[PDB]
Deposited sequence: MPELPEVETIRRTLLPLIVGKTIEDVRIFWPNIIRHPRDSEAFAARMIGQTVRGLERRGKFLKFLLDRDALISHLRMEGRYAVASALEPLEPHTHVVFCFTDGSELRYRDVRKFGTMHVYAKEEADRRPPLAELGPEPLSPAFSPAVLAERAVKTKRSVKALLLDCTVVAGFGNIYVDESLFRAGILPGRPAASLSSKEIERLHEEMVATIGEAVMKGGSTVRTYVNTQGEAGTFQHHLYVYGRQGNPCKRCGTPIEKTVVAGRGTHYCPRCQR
């Protein structure tokens, strides 16, 4: 899920787990756990702790327990579910948090591509993967000035810049190409080649692209190669930029 969806998940999941106490943690794929290194340590430390809160930082969810914080990333195909321990698990379930009330918080992922890290609460923010995370795109902390500073300072493409989690949090391949199209900027453009007016415009479309998503479908370019541009009719093209598939309209973007 994208940032707006992770926020919806945060809001939806919280009341379903707040106040519950962990009685067991079952792990069917140890490598999902990145910290501590031993998945058995991860499981052991969480038992006995009660869920007190749930926050979001970019696309990461931060589950707040008594002493610890669980940092989890679903990436694109991961998903959570709260259900009864009495029912069979869904296919591809990799980690299950069992509560004392017989309910469970479950992480499933056909791609088995998610990650989890646990640290004492006070340390979470200064350790990977939250360390270095850029400002929230819908916050005052993400401004044209911030964007310009990073832009006129690197030799990378504007796309490579926007994909950088340390620049601003939350922009993956899709919102990057969409934002660039809406700002009228070619993705292969050097970040430094951007004029002041362009930076300002890009900041604006990034915020809109992020906010509009949540308080395919509605896509201008991503995955639409060979189809007419919805604004000018020119066929959308696809190329490789910053090592990623990149979609853009050669007429609308310059």
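Chemist: Which deposited-sequence positions, grouped into ranges, are missing C-alpha coordinates?
Modeler: Seq positions lacking coordinates: 1, 217 to 235.
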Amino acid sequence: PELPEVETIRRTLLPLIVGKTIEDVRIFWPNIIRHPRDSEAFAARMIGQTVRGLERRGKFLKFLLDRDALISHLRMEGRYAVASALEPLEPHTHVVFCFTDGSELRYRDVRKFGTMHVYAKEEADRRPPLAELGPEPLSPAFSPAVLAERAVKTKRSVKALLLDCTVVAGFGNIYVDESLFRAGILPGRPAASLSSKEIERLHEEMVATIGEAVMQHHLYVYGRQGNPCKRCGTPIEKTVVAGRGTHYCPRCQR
From here on, numbers count along this sequence of modelled residues.
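Chemist: Can you tell me which stretch has the higher mean Cα B-factor, 222 to 230 or 40 to 48?
Modeler: The recorded data point to 222 to 230.
Chemist: Got a sec? Mean C-alpha B-factor, which is higher, 78 to 86 or 130 to 138?
Modeler: The recorded data point to 130 to 138.
Chemist: Out of 145, 118, 158, 105, whose C-alpha atom has the biggest B factor in the entry?
Modeler: When the deposited C-alpha B-factors of 145, 118, 158, 105 are compared, 145 is largest.
Chemist: Looking at 58, 53, 188, 30, which has the biggest Cα B factor in the entry?
Modeler: When the deposited C-alpha B-factors of 58, 53, 188, 30 are compared, 188 is largest.
Chemist: When the deposited Cα B-factors of this chain's modelled residues are ordered and cut into thirds, is residue 241 in the lowest, the middle or the highest one?
Modeler: Highest third.
Chemist: Looking at the temperature factor on the CA atom of residue 183, which third of the chain's modelled residues does it land in?
Modeler: Residue 183: CA B-factor falls in the middle third of its chain.
Chemist: Can you tell me whether residue 169 has a C-alpha B-factor in the lowest, middle or highest third compared with the other modelled residues of the same chain?
Modeler: Middle third, going by the recorded CA B-factors of the chain.
Chemist: Using the B-factor values recorded in the entry, state whether the Cα atom of residue 101 falls in the lowest, middle or highest third among the modelled residues of its chain.
Modeler: Ranked within chain, residue 101 CA B lands in the lowest tercile.
Chemist: When the deposited Cα B-factors of this chain's modelled residues are ordered and cut into thirds, is residue 163 in the lowest, the middle or the highest one?
Modeler: It belongs to the middle third of the chain when residues are ordered by C-alpha B-factor.
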